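Q: Before anything else, here's the structure in question.
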There are 2 protein chains.
Amino acid sequence: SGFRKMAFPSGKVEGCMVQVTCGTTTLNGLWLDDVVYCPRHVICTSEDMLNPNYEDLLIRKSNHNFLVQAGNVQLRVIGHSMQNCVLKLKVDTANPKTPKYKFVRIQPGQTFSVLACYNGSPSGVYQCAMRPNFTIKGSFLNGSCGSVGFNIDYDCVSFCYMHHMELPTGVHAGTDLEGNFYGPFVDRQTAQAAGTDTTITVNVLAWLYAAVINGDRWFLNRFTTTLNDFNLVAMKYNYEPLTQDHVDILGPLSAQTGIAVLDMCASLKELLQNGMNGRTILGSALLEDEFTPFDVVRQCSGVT
Amino acid sequence: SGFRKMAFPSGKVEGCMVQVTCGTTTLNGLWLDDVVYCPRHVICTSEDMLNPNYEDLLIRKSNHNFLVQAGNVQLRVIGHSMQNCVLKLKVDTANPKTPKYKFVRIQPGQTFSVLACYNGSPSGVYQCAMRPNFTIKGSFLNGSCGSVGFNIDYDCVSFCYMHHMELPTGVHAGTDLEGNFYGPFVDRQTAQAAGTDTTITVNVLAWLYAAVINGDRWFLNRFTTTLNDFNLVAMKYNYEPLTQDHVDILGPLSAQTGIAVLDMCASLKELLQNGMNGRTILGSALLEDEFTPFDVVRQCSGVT
Ligand SMILES: Cc1ccncc1NC(=O)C1(c2cccc(Cl)c2)CC(=O)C1
Ligand SMILES: Cc1ccncc1NC(=O)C1(c2cccc(Cl)c2)CC(=O)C1
């Protein structure tokens with residue numbers, strides 16, 4: 001009973017958080033095995049961020065300029081390299097708390113947990129999604145850079161995000177763990193605007209299935225629709241077009257509830273056209289799109 | 001930038017989760033030092049839950065009947081006692097991962113994180129609040145009993161909740177770590193109804209302050225009100241009466257934003273009377289009441 005925006009337990013990631021300082025700049029790093037990963041803008045001053053030439057700024061840095069502190073102990077830096085927008089600092093000690101891990105580059109619409117950190121110390125954990133415009137709506141302040149996003153499959157942590165910057169609109173941009181930005185963003189203090197923040201339709205449908213499973217059924221109607229008809233409505237409301245791949249992923253939720261995917265689409269169509277009329281679904285007064293079909297199955301089954 | 005429903009990092013609590021089995025019943029326990037805490041209904045069968053006499057059911061249980069497994073290793077049970085609605089199982093090994101901890105009994109309106117577990121294994125973490133009717137709106141399935149709620153002050157974990165049951169309405173009831181239920185609930189499979197779920201006014205005001213800090217300012221108006229005038233409106237909308245104690249706790253948010261508490265009350269009054277008119281505040285289409293003033297200060301300052 002009940003349905004909450006749930007994050008993965010963060011212990012495995014907390015054991016990886018370190019502080020990296022280079023000059024006067026301090027941010028977070030991720031220590032896995034004998035490598036510390038962090039945003040390359042750790043080498044920049046505030047003046048440097050306007051138009052940084054990272055290769056040139058890195059020439060003036062040596063291993064001893066990167067101060068890496070794990071809790072209260074100093075790690076010895078024996079190598080450093082830049083991979084895209086991340087720095088990889090080779091340290092002389094493998095992290096004893098390194099979990100089983102993978103680096104994955106996620107797709108827009110996919111959700112993950114973020115362990116927000118400051119000075120190598122965790123402050124909180126929350127769940128969010130890679131928006132279709134490749135931004136994330138997080139909660140990050142100055143010093144949170146290097147905080148990571150991840151998913152967990154039993155014992156394996158799949159790292160998918162490293163926080164780099166806030167856009168002038170207060171939305172967030174970052175990279176995968178190979179240092180490649182999600183979307184078109186660059187690690188420079190230049191105004192970069194985000195595209196249309198469309199709604200992740202397959203996630204809204206999954207959340208409607210979670211609502212039915214939990215007793216919120218008022219929105220179920222006597223209608224059905226087709227993918228093409230549904231998609232005309234989706235376009236009108238800045239919703240992602242629904243494909244047969246999305247219908248397929250909703251199959252287990254359709255099977256569990258006995259509500260055909262296209263019938264749930266017709267319920268969603270009426271909600272788009274008519275609004276909620278002052279009513280709520282799973283305690284929300286808007287259509288939630290940051291639960292994937294996998295998240296709904298996981299939460300509704302009790303996977304650990 | 002950004003404001004999210006953030007839970008505390010759960011690592012310190014994950015290191016305390018164990019599985020307790022008694023007969024055919026398995027639930028979660030909390031292992032701190034050489035004691036494992038768990039709901040006393042672990043000794044019950046499904047037949048026993050209709051009208052259990054816990055003292056009598058406990059006479060037929062010995063130390064060896066409580067199977068406690070920490071990850072994949074068995075703990076030796078050398079003592080057992082019942083304190084209110086919890087069992088305390090003395091084990092022969094102190095938990096090496098025991099964090100600095102306290103047991104606190106929270107007040108309605110206070111928020112905390114829950115580490116939902118199944119079979120001693122963490123599945124997720126979410127933030128919630130003790131409702132004014134002493135229920136919590138969680139996400140718990142069969143086997144989640146013994147999952148705990150907590151807050152963290154730097155290195156000290158303050159345990160405040162242990163999950164025991166779901167009401168027939170899908171809301172949740174549990175105890176503090178001394179085994180005393182929050183509210184009037186009893187650990188028995190008898191239909192128990194929850195009282196009025198009123199809105200935590202001081203939390204809604206704190207969340208309005210977080211909204212102003214983050215740029216969502218449309219709801220600020222040219223009005224002010226008094227505590228008594230505000231409270232007539234609060235009563236009409238099933239909001240908790242606001243007291244001078246609540247105004248005092250909002251002082252730092254008032255000081256940071258320059259918006260007097262009673263002016264924020266007048267903005268809240270207009271939102272109650274007029275609704276949001278299809279608009280959102282911090283991505284929500286309703287007034288959020290599960291952030292305390294302390295949570296807002298903490299999140300907006302970056303406390304680790
Ligand atoms: C202030 C803040 C809040 C939330 N999330 C991140 C930041 N930091 C930034 O955005 C900064 C930055 C500026 C341009 C490019 C890049 Cl890569 C980084 C300005 C710094 O200091 C780093
Ligand atoms: C099924 C579920 C979902 C979420 N949270 C808890 C539960 N479990 C219960 O409520 C059960 C129960 C019943 C009456 C009293 C008490 Cl103390 C416990 C029925 C069990 O099995 C334990």
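How things are named: the first chain in the structure tokens is A, the next is B, and so on; residues count from 1 in each chain; ligands count from 1 in the order shown.
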Within 6 Å of chain B, which residues of chain A are there when counting only C-alpha atoms? Please give them as JSON, numbers by chain.
A: {"A": [1, 2, 3, 4, 6, 7, 8, 9, 10, 11, 121, 122, 123, 124, 125, 126, 138, 139, 140, 141, 170, 285, 286, 303, 304]}
Q: Kindly export the residues of the current selection with C-alpha atoms, as an mmCIF file, in the first residue's frame.
A:
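Output (again_10.cif):
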```cif
data_model
loop_
_atom_site.group_PDB
_atom_site.id
_atom_site.type_symbol
_atom_site.label_atom_id
_atom_site.label_comp_id
_atom_site.auth_asym_id
_atom_site.auth_seq_id
_atom_site.Cartn_x
_atom_site.Cartn_y
_atom_site.Cartn_z
ATOM 1 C CA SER A 1 0.000 0.000 0.000
ATOM 2 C CA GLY A 2 1.103 3.557 -0.819
ATOM 3 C CA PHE A 3 3.361 4.851 -3.596
ATOM 4 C CA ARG A 4 6.267 7.200 -3.022
ATOM 5 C CA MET A 6 11.664 6.456 -3.749
ATOM 6 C CA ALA A 7 15.394 6.653 -4.178
ATOM 7 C CA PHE A 8 17.777 3.688 -4.066
ATOM 8 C CA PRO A 9 19.462 3.122 -0.646
ATOM 9 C CA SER A 10 22.575 5.325 -0.938
ATOM 10 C CA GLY A 11 25.086 3.491 1.284
ATOM 11 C CA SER A 121 29.991 14.655 2.426
ATOM 12 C CA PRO A 122 26.480 13.414 1.591
ATOM 13 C CA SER A 123 23.625 15.797 2.433
ATOM 14 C CA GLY A 124 20.665 13.916 0.928
ATOM 15 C CA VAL A 125 19.209 11.553 -1.592
ATOM 16 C CA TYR A 126 16.389 12.095 -4.074
ATOM 17 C CA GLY A 138 17.676 18.614 -9.099
ATOM 18 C CA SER A 139 18.502 20.354 -5.865
ATOM 19 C CA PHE A 140 22.086 21.496 -6.118
ATOM 20 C CA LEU A 141 23.929 24.430 -4.627
ATOM 21 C CA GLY A 170 17.844 26.744 -12.309
ATOM 22 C CA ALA A 285 -2.472 17.317 -8.353
ATOM 23 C CA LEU A 286 -0.489 16.929 -11.629
ATOM 24 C CA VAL A 303 12.559 -5.731 -4.969
ATOM 25 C CA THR A 304 15.651 -5.348 -2.662
#
```
Q: Taking 6 positions as the minimum chain separation for residues in the same chain, which residues sit within 10 Å of residue A:237 when counting only C-alpha atoms? Answer as a PyMOL selection string.
A: chain A and resi 198-199+231+269+272-273
Q: For the structure I just gave you, how does DSSP split stretch 72-297 of chain A - specifically, which residues are strand (DSSP E)? Reply as a VMD selection string.
A: chain A and resid 73 to 75 77 to 83 86 to 91 100 to 103 111 to 118 121 to 129 148 to 153 156 to 166 172 to 175
Q: In Å, with one decimal, what is the gap from atom CA of residue B:38 to atom CA of residue B:192?
A: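 Value for the atom CA of residue B:38-atom CA of residue B:192 distance: 21.8 Å.
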Q: When you look at stretch 78-83 of chain B with a cut-off of 9 Å (counting only C-alpha atoms), what residues show up, excluding the ones that are within fewer than 6 positions of it in the same chain? I need them as number ranges by chain.
A: B: 40, 54-55, 58, 62-64, 66, 89-92, 178-180
Q: For atom 16 (C, counted along the ligand's line) of ligand 1 and atom CA of residue B:297, quote the distance in Å rounded to one decimal.
A: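 Atom CA of residue B:297 lies at a distance of 24.8 Å from atom 16 (C, counted along the ligand's line) of ligand 1.
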Q: Which residues are near residue B:239? Cut-off 10 Å, only C-alpha atoms, ignore same chain within fewer than 3 positions. Put them as an MDAnalysis selection string.
A: chainID B and resid 132 197:202 204 231:236 242 272
Q: Go through stretch 121-243 of chain A and collect every residue that DSSP, computed from the backbone, puts in helix (DSSP H, G or I); the answer should be as a list in words.
A: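 Restricting stretch 121-243 of chain A to helix (DSSP H, G or I) produces residues 201, 202, 203, 204, 205, 206, 207, 208, 209, 210, 211, 212, 213, 227, 228, 229, 230, 231, 232, 233, 234, 235 and 236 of chain A.
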Q: Mind writing the picked residues with C-alpha atoms as a compact mmCIF listing (two decimals), in the first residue's frame?
A:
```
# COMPACT_ATOMS: atom_id res chain seq x y z
CA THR A 201 4.37 9.85 -21.55
CA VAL A 202 5.37 6.22 -20.88
CA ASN A 203 6.22 7.29 -17.27
CA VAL A 204 2.89 9.03 -16.76
CA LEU A 205 1.13 5.82 -17.98
CA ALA A 206 3.25 3.70 -15.64
CA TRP A 207 2.29 6.04 -12.74
CA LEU A 208 -1.42 5.72 -13.72
CA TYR A 209 -0.97 1.93 -13.48
CA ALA A 210 0.64 2.41 -9.99
CA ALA A 211 -2.35 4.57 -9.04
CA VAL A 212 -4.86 1.85 -10.09
CA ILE A 213 -2.84 -0.81 -8.16
CA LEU A 227 -1.47 5.12 -30.80
CA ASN A 228 -1.96 7.64 -33.63
CA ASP A 229 -5.03 9.23 -32.04
CA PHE A 230 -3.34 9.34 -28.63
CA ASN A 231 -0.23 10.89 -30.19
CA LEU A 232 -2.19 13.81 -31.73
CA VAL A 233 -3.23 14.69 -28.15
CA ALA A 234 0.30 14.01 -26.84
CA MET A 235 1.67 16.49 -29.40
CA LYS A 236 -0.87 19.14 -28.40
```
Q: Find the residue from B:50, B:268, B:22, B:106 that sits nearest to ligand 2; use only C-alpha atoms and all ligand atoms when measuring.
A: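 The closest residue to ligand 2 is B:50.
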Q: Fewer than 5 positions away in the same chain doesn't count, so skip those; otherwise give me all residues within 10 Å of residue B:108, counting only C-alpha atoms, as a PyMOL selection string.
A: chain B and resi 129-136+182-183+200
Q: In Å, rounded to a single decimal, give me how far atom CA of residue B:96 is from atom CA of residue B:176.
A: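 A separation of 23.4 Å between them.
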